[PDB]
Amino acid sequence: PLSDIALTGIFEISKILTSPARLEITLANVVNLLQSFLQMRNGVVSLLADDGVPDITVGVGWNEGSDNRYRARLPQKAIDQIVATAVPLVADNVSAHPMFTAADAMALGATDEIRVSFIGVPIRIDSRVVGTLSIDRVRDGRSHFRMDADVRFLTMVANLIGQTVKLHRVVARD
Amino acid sequence: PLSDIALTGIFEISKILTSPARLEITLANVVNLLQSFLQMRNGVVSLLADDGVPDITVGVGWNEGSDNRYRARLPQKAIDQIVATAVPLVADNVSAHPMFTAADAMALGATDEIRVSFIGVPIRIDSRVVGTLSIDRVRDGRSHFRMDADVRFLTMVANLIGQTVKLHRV
């Protein structure tokens with residue numbers, strides 16, 4: 001059952017967020033889990049300073065100082081929309097979508113032959129949007145992953161990540 | 001269908017935990033949801049200060065100042081066990097569980113006819129148990145499978161509560 005696997009995934013994610021470790025290590029383990037467990041590929045936690053300048057960017061396999069490698073994979077128009085609107089964004093086919101340039105689709109693995117869907121949700125801290133959590137899926141003869149379920153699940157993960165981020169920011173700032 | 005309901009519950013719990021509010025208001029909304037939505041009844045959050053102080057106790061239907069009434073319901077020895085052990089305590093039958101006095105069992109509603117199950121779970125912050133999350137009910141014949149699933153669910157909720165509590169304390 002997809003719900004059984006998703007219940008185990010959020011159970012494991014809850015453990016990860018409570019384990020004391022460097023924020024980037026926590027966020028890395030989370031998106032690693034979204035991929036290996038729920039087949040959500042290229043999961044990226046993008047965090048921004050208050051002036052919209054990148055703070056940290058971490059995706060699957062993050063090592064120290066690799067932030068740019070993951071930021072070079074984000075479709076900035078779509079991410080800008082999510083940040084500016086505080087509403088999730090979905091594209092069934094990023095190769096044929098207004099908010100995705102030719103470069104956006106290439107970076108996300110999309111071609112004229114391979115249909116790639118994008119799903120991004122906002123990360124919020126006290127009504128302010130501080131970043132994005134985004135994934136993509138390749139539409140082949142995989143399971144029938146409903147985009148609305150992904151949006152719900154990622155919105156839940158984003159909420160918890162925002163608390164983890166506020167925790168780290170409150171700590172460092174004192 | 002079991003996991004769908006739980007998924008919705010943890011989804012809603014996540015929004016409650018991340019909505020700005022009084023700490024006590026947050027914890028009361030969580031246990032209110034656990035009871036009304038997931039039928040995990042009589043939920044109590046008890047947080048210890050570093051000297052072991054009770055410091056905050058909030059259960060279903062909490063009103064300002066009512067902490068001591070919820071703590072009166074909790075079997076302190078079992079709480080002592082969970083804190084030192086960082087492991088769930090499942091008291092399938094509190095009248096026969098060795099960590100429960102007769103007074104502890106009766107306070108949970110146990111009688112010579114009625115019987116009561118108790119499940120307690122550690123709330124950890126930085127490898128240290130700062131409190132417990134517990135539920136209780138009239139005993140039923142749940143499968144060991146769903147008993148474990150309920151324990152897994154409350155462990156998850158307690159993990160997230162700990163993150164919320166640490167945030168409030170800093």
# chains A, B, ... in the order shown; residues from 1 in each chain; ligands from 1
$ interface_residues --of "chain A" --to "chain B" --cutoff "7 Å" --atoms "only C-alpha atoms" --output "MDAnalysis selection string"
chainID A and resid 3:4 7 11 14:15 18 20 126 156 159:160 163 167 171
$ write_last_selection --atoms "C-alpha atoms" --output "tab-separated table (two decimals), in the first residue's frame"
chain	number	residue	atom	x	y	z
A	3	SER	CA	-0.18	4.82	2.28
A	4	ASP	CA	1.67	2.17	4.31
A	7	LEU	CA	3.40	6.27	6.75
A	11	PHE	CA	7.84	7.90	10.59
A	14	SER	CA	10.44	12.24	12.07
A	15	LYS	CA	13.41	10.34	13.50
A	18	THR	CA	15.13	14.82	15.88
A	20	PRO	CA	21.26	16.12	16.41
A	126	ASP	CA	5.76	32.26	10.85
A	156	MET	CA	3.66	18.08	5.56
A	159	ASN	CA	6.04	22.31	7.55
A	160	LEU	CA	8.29	20.15	9.73
A	163	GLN	CA	10.37	24.11	12.28
A	167	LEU	CA	15.19	25.92	15.42
A	171	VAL	CA	19.92	28.85	17.98
$ select_by_dssp --residues "segment 133-166 of chain A" --states "strand (DSSP E)" --output "PyMOL selection string"
chain A and resi 133-138
$ residues_around --residues "residue 92 of chain B" --least-positions-apart "4" --cutoff "7 Å" --atoms "only C-alpha atoms" --output "PyMOL selection string"
chain B and resi 117-118+139
$ write_last_selection --atoms "N, CA and C atoms" --output "JSON list (two decimals), in the first residue's frame"
[["chain", "number", "residue", "atom", "x", "y", "z"],
["B", 117, "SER", "N", -6.05, -0.06, 29.36],
["B", 117, "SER", "CA", -4.73, -0.17, 28.75],
["B", 117, "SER", "C", -4.07, 1.20, 28.75],
["B", 118, "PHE", "N", -2.75, 1.21, 28.93],
["B", 118, "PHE", "CA", -1.98, 2.44, 28.96],
["B", 118, "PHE", "C", -0.77, 2.29, 28.05],
["B", 139, "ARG", "N", -9.51, -1.57, 27.86],
["B", 139, "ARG", "CA", -8.77, -2.57, 27.11],
["B", 139, "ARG", "C", -9.66, -3.22, 26.06]]
$ residues_around --residues "residue 33 of chain A" --least-positions-apart "3" --cutoff "9 Å" --atoms "only C-alpha atoms" --output "mmCIF file with N, CA and C atoms, in the first residue's frame"
data_model
loop_
_atom_site.group_PDB
_atom_site.id
_atom_site.type_symbol
_atom_site.label_atom_id
_atom_site.label_comp_id
_atom_site.auth_asym_id
_atom_site.auth_seq_id
_atom_site.Cartn_x
_atom_site.Cartn_y
_atom_site.Cartn_z
ATOM 1 N N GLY A 9 7.532 6.272 5.727
ATOM 2 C CA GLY A 9 8.443 7.326 5.311
ATOM 3 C C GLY A 9 8.424 8.528 6.238
ATOM 4 N N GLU A 12 10.023 7.571 9.554
ATOM 5 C CA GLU A 12 11.477 7.654 9.489
ATOM 6 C C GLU A 12 11.947 9.099 9.395
ATOM 7 N N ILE A 13 11.209 9.938 8.663
ATOM 8 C CA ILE A 13 11.575 11.347 8.548
ATOM 9 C C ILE A 13 11.530 12.020 9.915
ATOM 10 N N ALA A 28 19.705 16.586 3.984
ATOM 11 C CA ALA A 28 20.182 15.602 3.018
ATOM 12 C C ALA A 28 19.541 14.241 3.262
ATOM 13 N N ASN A 29 19.528 13.792 4.520
ATOM 14 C CA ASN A 29 18.930 12.498 4.833
ATOM 15 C C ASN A 29 17.442 12.476 4.516
ATOM 16 N N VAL A 30 16.766 13.619 4.638
ATOM 17 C CA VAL A 30 15.338 13.674 4.346
ATOM 18 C C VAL A 30 15.089 13.463 2.857
ATOM 19 N N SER A 36 14.837 7.219 -2.139
ATOM 20 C CA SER A 36 14.970 5.773 -1.988
ATOM 21 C C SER A 36 13.664 5.124 -1.546
ATOM 22 N N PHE A 37 12.873 5.818 -0.730
ATOM 23 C CA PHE A 37 11.632 5.266 -0.195
ATOM 24 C C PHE A 37 10.454 5.490 -1.141
ATOM 25 N N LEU A 38 10.189 6.749 -1.490
ATOM 26 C CA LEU A 38 8.985 7.125 -2.218
ATOM 27 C C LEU A 38 9.250 7.479 -3.677
ATOM 28 N N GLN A 39 10.453 7.201 -4.184
ATOM 29 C CA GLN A 39 10.787 7.379 -5.599
ATOM 30 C C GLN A 39 10.639 8.831 -6.053
ATOM 31 N N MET A 40 10.784 9.778 -5.125
ATOM 32 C CA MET A 40 10.779 11.202 -5.449
ATOM 33 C C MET A 40 12.207 11.626 -5.774
ATOM 34 N N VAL A 60 19.961 15.413 -2.952
ATOM 35 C CA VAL A 60 20.433 14.056 -2.696
ATOM 36 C C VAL A 60 21.946 13.993 -2.855
#
$ closest_residue --among "A:109, A:141, A:61, A:54" --to "residue 76 of chain A" --atoms "only C-alpha atoms"
A:54
$ select_by_dssp --residues "segment 64-136 of chain B" --states "helix (DSSP H, G or I)" --output "PyMOL selection string"
chain B and resi 67-71+76-85+102-107
$ closest_residue --among "A:82, A:68, A:58, A:117" --to "residue 146 of chain A" --atoms "only C-alpha atoms"
A:117
$ residues_around --residues "residue 85 of chain B" --least-positions-apart "5" --cutoff "10 Å" --atoms "only C-alpha atoms" --output "list in words"
residues 79, 80, 122 and 129 of chain B
$ residues_around --residues "residue 98 of chain A" --least-positions-apart "5" --cutoff "10 Å" --atoms "only C-alpha atoms" --output "count of residues only"
3
$ closest_residue --among "A:94, A:161, A:149, A:16" --to "residue 110 of chain A" --atoms "only C-alpha atoms"
A:94
$ residues_around --residues "residue 33 of chain B" --least-positions-apart "3" --cutoff "10 Å" --atoms "only C-alpha atoms" --output "list in words"
residues 9, 10, 12, 13, 16, 27, 28, 29, 30, 36, 37, 38, 39, 40, 41, 43 and 60 of chain B
$ write_last_selection --atoms "N, CA and C atoms" --output "short mmCIF file (atom, residue, chain, number, x, y, z; two decimals), in the first residue's frame"
data_model
loop_
_atom_site.label_atom_id
_atom_site.label_comp_id
_atom_site.auth_asym_id
_atom_site.auth_seq_id
_atom_site.Cartn_x
_atom_site.Cartn_y
_atom_site.Cartn_z
N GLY B 9 -4.07 12.27 9.82
CA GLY B 9 -3.83 12.73 11.17
C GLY B 9 -2.47 13.38 11.35
N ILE B 10 -1.41 12.70 10.89
CA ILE B 10 -0.07 13.25 11.03
C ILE B 10 0.09 14.50 10.17
N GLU B 12 -2.33 16.72 9.62
CA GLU B 12 -2.95 17.77 10.42
C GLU B 12 -2.11 18.11 11.64
N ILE B 13 -1.54 17.09 12.30
CA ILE B 13 -0.68 17.33 13.45
C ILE B 13 0.50 18.22 13.06
N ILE B 16 -0.60 21.81 12.95
CA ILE B 16 -0.81 22.30 14.31
C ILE B 16 0.52 22.66 14.96
N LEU B 27 -0.05 21.81 22.21
CA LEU B 27 -0.10 20.43 22.69
C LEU B 27 -1.54 19.97 22.93
N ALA B 28 -2.40 20.88 23.40
CA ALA B 28 -3.80 20.51 23.62
C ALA B 28 -4.51 20.24 22.30
N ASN B 29 -4.19 21.01 21.26
CA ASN B 29 -4.79 20.77 19.96
C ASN B 29 -4.33 19.44 19.37
N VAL B 30 -3.08 19.04 19.64
CA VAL B 30 -2.58 17.76 19.16
C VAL B 30 -3.36 16.61 19.79
N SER B 36 -10.27 12.86 19.02
CA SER B 36 -11.48 13.02 18.21
C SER B 36 -11.33 12.38 16.84
N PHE B 37 -10.13 12.43 16.26
CA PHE B 37 -9.92 11.95 14.90
C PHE B 37 -9.39 10.52 14.84
N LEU B 38 -8.41 10.18 15.67
CA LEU B 38 -7.73 8.89 15.58
C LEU B 38 -8.15 7.91 16.67
N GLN B 39 -9.05 8.31 17.56
CA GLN B 39 -9.54 7.45 18.64
C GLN B 39 -8.40 6.93 19.50
N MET B 40 -7.39 7.77 19.71
CA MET B 40 -6.33 7.54 20.69
C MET B 40 -6.64 8.49 21.84
N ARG B 41 -7.35 7.98 22.84
CA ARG B 41 -8.08 8.81 23.78
C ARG B 41 -7.26 9.16 25.01
N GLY B 43 -5.28 11.53 25.82
CA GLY B 43 -3.88 11.85 25.61
C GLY B 43 -3.39 12.94 26.54
N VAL B 60 -6.28 16.34 26.98
CA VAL B 60 -7.48 16.63 26.19
C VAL B 60 -8.33 17.67 26.91
#
$ closest_residue --among "A:139, A:170, A:43, A:107" --to "residue 125 of chain A" --atoms "only C-alpha atoms"
A:170
$ atom_distance --atom1 "atom CA of residue 122 of chain A" --atom2 "atom CA of residue 87 of chain A"
6.5 Å
$ decode --residues "segment 27-50 of chain B" --atoms "N, CA, C and O atoms" --output "PDB file, in the first residue's frame"
ATOM      1  N   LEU B  27      -0.052  21.805  22.215  1.00  0.00           N
ATOM      2  CA  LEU B  27      -0.105  20.425  22.690  1.00  0.00           C
ATOM      3  C   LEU B  27      -1.540  19.972  22.926  1.00  0.00           C
ATOM      4  O   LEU B  27      -1.875  18.808  22.680  1.00  0.00           O
ATOM      5  N   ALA B  28      -2.402  20.876  23.398  1.00  0.00           N
ATOM      6  CA  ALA B  28      -3.797  20.511  23.621  1.00  0.00           C
ATOM      7  C   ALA B  28      -4.511  20.242  22.303  1.00  0.00           C
ATOM      8  O   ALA B  28      -5.342  19.332  22.216  1.00  0.00           O
ATOM      9  N   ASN B  29      -4.191  21.014  21.263  1.00  0.00           N
ATOM     10  CA  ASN B  29      -4.788  20.768  19.956  1.00  0.00           C
ATOM     11  C   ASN B  29      -4.328  19.438  19.374  1.00  0.00           C
ATOM     12  O   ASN B  29      -5.101  18.765  18.682  1.00  0.00           O
ATOM     13  N   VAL B  30      -3.082  19.043  19.645  1.00  0.00           N
ATOM     14  CA  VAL B  30      -2.582  17.759  19.160  1.00  0.00           C
ATOM     15  C   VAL B  30      -3.358  16.611  19.793  1.00  0.00           C
ATOM     16  O   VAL B  30      -3.890  15.738  19.096  1.00  0.00           O
ATOM     17  N   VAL B  31      -3.438  16.593  21.128  1.00  0.00           N
ATOM     18  CA  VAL B  31      -4.113  15.490  21.807  1.00  0.00           C
ATOM     19  C   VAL B  31      -5.617  15.537  21.566  1.00  0.00           C
ATOM     20  O   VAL B  31      -6.280  14.491  21.553  1.00  0.00           O
ATOM     21  N   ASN B  32      -6.185  16.731  21.377  1.00  0.00           N
ATOM     22  CA  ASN B  32      -7.589  16.816  20.988  1.00  0.00           C
ATOM     23  C   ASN B  32      -7.823  16.121  19.654  1.00  0.00           C
ATOM     24  O   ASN B  32      -8.814  15.399  19.486  1.00  0.00           O
ATOM     25  N   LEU B  33      -6.913  16.323  18.698  1.00  0.00           N
ATOM     26  CA  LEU B  33      -7.017  15.653  17.406  1.00  0.00           C
ATOM     27  C   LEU B  33      -6.818  14.151  17.552  1.00  0.00           C
ATOM     28  O   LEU B  33      -7.563  13.357  16.964  1.00  0.00           O
ATOM     29  N   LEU B  34      -5.792  13.745  18.306  1.00  0.00           N
ATOM     30  CA  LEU B  34      -5.525  12.326  18.522  1.00  0.00           C
ATOM     31  C   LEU B  34      -6.769  11.596  19.007  1.00  0.00           C
ATOM     32  O   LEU B  34      -7.038  10.461  18.596  1.00  0.00           O
ATOM     33  N   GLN B  35      -7.546  12.239  19.879  1.00  0.00           N
ATOM     34  CA  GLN B  35      -8.732  11.610  20.444  1.00  0.00           C
ATOM     35  C   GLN B  35      -9.910  11.660  19.475  1.00  0.00           C
ATOM     36  O   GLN B  35     -10.498  10.626  19.141  1.00  0.00           O
ATOM     37  N   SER B  36     -10.270  12.862  19.019  1.00  0.00           N
ATOM     38  CA  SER B  36     -11.477  13.019  18.213  1.00  0.00           C
ATOM     39  C   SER B  36     -11.327  12.376  16.839  1.00  0.00           C
ATOM     40  O   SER B  36     -12.292  11.822  16.300  1.00  0.00           O
ATOM     41  N   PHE B  37     -10.131  12.431  16.257  1.00  0.00           N
ATOM     42  CA  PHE B  37      -9.922  11.947  14.899  1.00  0.00           C
ATOM     43  C   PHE B  37      -9.386  10.523  14.837  1.00  0.00           C
ATOM     44  O   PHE B  37      -9.867   9.724  14.029  1.00  0.00           O
ATOM     45  N   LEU B  38      -8.409  10.180  15.671  1.00  0.00           N
ATOM     46  CA  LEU B  38      -7.734   8.892  15.577  1.00  0.00           C
ATOM     47  C   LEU B  38      -8.151   7.913  16.665  1.00  0.00           C
ATOM     48  O   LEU B  38      -7.646   6.785  16.686  1.00  0.00           O
ATOM     49  N   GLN B  39      -9.053   8.312  17.562  1.00  0.00           N
ATOM     50  CA  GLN B  39      -9.543   7.445  18.637  1.00  0.00           C
ATOM     51  C   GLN B  39      -8.398   6.927  19.505  1.00  0.00           C
ATOM     52  O   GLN B  39      -8.412   5.787  19.973  1.00  0.00           O
ATOM     53  N   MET B  40      -7.393   7.772  19.710  1.00  0.00           N
ATOM     54  CA  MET B  40      -6.333   7.544  20.689  1.00  0.00           C
ATOM     55  C   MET B  40      -6.640   8.491  21.844  1.00  0.00           C
ATOM     56  O   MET B  40      -6.244   9.661  21.825  1.00  0.00           O
ATOM     57  N   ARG B  41      -7.345   7.979  22.843  1.00  0.00           N
ATOM     58  CA  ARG B  41      -8.083   8.813  23.778  1.00  0.00           C
ATOM     59  C   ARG B  41      -7.255   9.159  25.012  1.00  0.00           C
ATOM     60  O   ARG B  41      -6.229   8.538  25.302  1.00  0.00           O
ATOM     61  N   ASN B  42      -7.717  10.192  25.723  1.00  0.00           N
ATOM     62  CA  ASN B  42      -7.170  10.586  27.024  1.00  0.00           C
ATOM     63  C   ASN B  42      -5.680  10.912  26.932  1.00  0.00           C
ATOM     64  O   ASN B  42      -4.902  10.618  27.843  1.00  0.00           O
ATOM     65  N   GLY B  43      -5.284  11.534  25.824  1.00  0.00           N
ATOM     66  CA  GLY B  43      -3.881  11.846  25.612  1.00  0.00           C
ATOM     67  C   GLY B  43      -3.390  12.943  26.542  1.00  0.00           C
ATOM     68  O   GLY B  43      -4.069  13.945  26.772  1.00  0.00           O
ATOM     69  N   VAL B  44      -2.189  12.745  27.081  1.00  0.00           N
ATOM     70  CA  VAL B  44      -1.554  13.702  27.980  1.00  0.00           C
ATOM     71  C   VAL B  44      -0.119  13.933  27.527  1.00  0.00           C
ATOM     72  O   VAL B  44       0.601  12.982  27.203  1.00  0.00           O
ATOM     73  N   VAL B  45       0.292  15.197  27.503  1.00  0.00           N
ATOM     74  CA  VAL B  45       1.685  15.577  27.304  1.00  0.00           C
ATOM     75  C   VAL B  45       2.212  16.101  28.632  1.00  0.00           C
ATOM     76  O   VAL B  45       1.654  17.049  29.199  1.00  0.00           O
ATOM     77  N   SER B  46       3.275  15.477  29.132  1.00  0.00           N
ATOM     78  CA  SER B  46       3.913  15.878  30.380  1.00  0.00           C
ATOM     79  C   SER B  46       5.383  16.131  30.094  1.00  0.00           C
ATOM     80  O   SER B  46       6.083  15.228  29.628  1.00  0.00           O
ATOM     81  N   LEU B  47       5.845  17.350  30.359  1.00  0.00           N
ATOM     82  CA  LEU B  47       7.210  17.770  30.059  1.00  0.00           C
ATOM     83  C   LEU B  47       7.951  18.062  31.352  1.00  0.00           C
ATOM     84  O   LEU B  47       7.479  18.851  32.168  1.00  0.00           O
ATOM     85  N   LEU B  48       9.128  17.477  31.519  1.00  0.00           N
ATOM     86  CA  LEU B  48       9.895  17.693  32.735  1.00  0.00           C
ATOM     87  C   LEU B  48      10.905  18.818  32.547  1.00  0.00           C
ATOM     88  O   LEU B  48      11.557  18.916  31.505  1.00  0.00           O
ATOM     89  N   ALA B  49      11.023  19.677  33.557  1.00  0.00           N
ATOM     90  CA  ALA B  49      12.166  20.571  33.571  1.00  0.00           C
ATOM     91  C   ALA B  49      13.424  19.771  33.905  1.00  0.00           C
ATOM     92  O   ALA B  49      13.365  18.602  34.299  1.00  0.00           O
ATOM     93  N   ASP B  50      14.579  20.416  33.735  1.00  0.00           N
ATOM     94  CA  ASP B  50      15.846  19.695  33.812  1.00  0.00           C
ATOM     95  C   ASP B  50      16.080  19.079  35.189  1.00  0.00           C
ATOM     96  O   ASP B  50      16.759  18.052  35.298  1.00  0.00           O
TER      97      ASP B  50
END
